[PDB]
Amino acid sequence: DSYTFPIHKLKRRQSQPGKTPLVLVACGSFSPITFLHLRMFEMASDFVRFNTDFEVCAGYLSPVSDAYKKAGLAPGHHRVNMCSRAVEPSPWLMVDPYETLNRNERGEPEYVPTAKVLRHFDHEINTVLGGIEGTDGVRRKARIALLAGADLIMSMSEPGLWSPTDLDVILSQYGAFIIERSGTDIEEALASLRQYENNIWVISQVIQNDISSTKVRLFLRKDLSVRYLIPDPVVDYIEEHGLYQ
């Protein structure tokens, strides 16, 4: 029936003393989800364990609204369904369809800016649910942070797509874990953004792996195999519903 914020895999009581509870949010098109998108969560989990004082409590996929001005974007409920099946075996990853459900007065899909997405997660976990219980018994605000590849930081540093007020909210109140791989040179983007350099965590990608959703759609159109680039249940879903022609 109606929208319920997913919590079936949210750790609501911490296990590690002295650690700040953390929730990771991946905002993207996910058209379709790939193994790289999923691997980025695991890389972020590993980095947090050994390089921060955070304790990871959940990972959320946030598929973008159908109103987003982008090519190759399948219908929102399909992208949500593909993501959900991809993370069904995961013990800690969930999909939040919130962005795909936003509608304007006339009922058309309405785009949700990333700053408003992060406030939505902040609201559901910390205001509605009461935060995360520590080993000290204190229910705390989970830190909410974005999880994105290097292209997102480069996008944030170029004027035109991000308003200064949103950038300030996103990076000063929440933060971003950024996966950086070989060949990508994000040095200039960090320079233009270094006033927030303390809520920006750059994670080196040790194993090179650059599969994009765009390449996956191309392969689907040319009748090339996408097995082992995206999860099996997503391959089946795409075939069952004839997505991406």
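Throughout, we count residues from 1 along the sequence that is shown.
- With 165-173 and 72-80 compared on mean CA B-factor from the PDB entry, the stretch scoring higher is 165-173.
- Stretches 21-29 and 233-241 differ in mean CA B factor, with 233-241 having the higher one.
- The top Cα temperature factor in the record, among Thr214, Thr34, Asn198, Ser65, falls on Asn198.
- Across the options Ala191, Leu61, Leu220, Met43, the residue with the most elevated CA B-factor in the record is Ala191.
- The entry lists a Cα temperature factor for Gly137 that places it in the middle third of the chain's modelled residues.
- Among all modelled residues in its chain, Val95 ranks in the lowest third by Cα B-factor.
- In the PDB entry, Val117 places in the lowest third of its chain by CA B-factor.
- Looking at the C-alpha B-factors along this chain, the one for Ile186 belongs to the highest third.
- Residue-level temperature factors show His123 in the lowest third of its chain, judged at the C-alpha atom.
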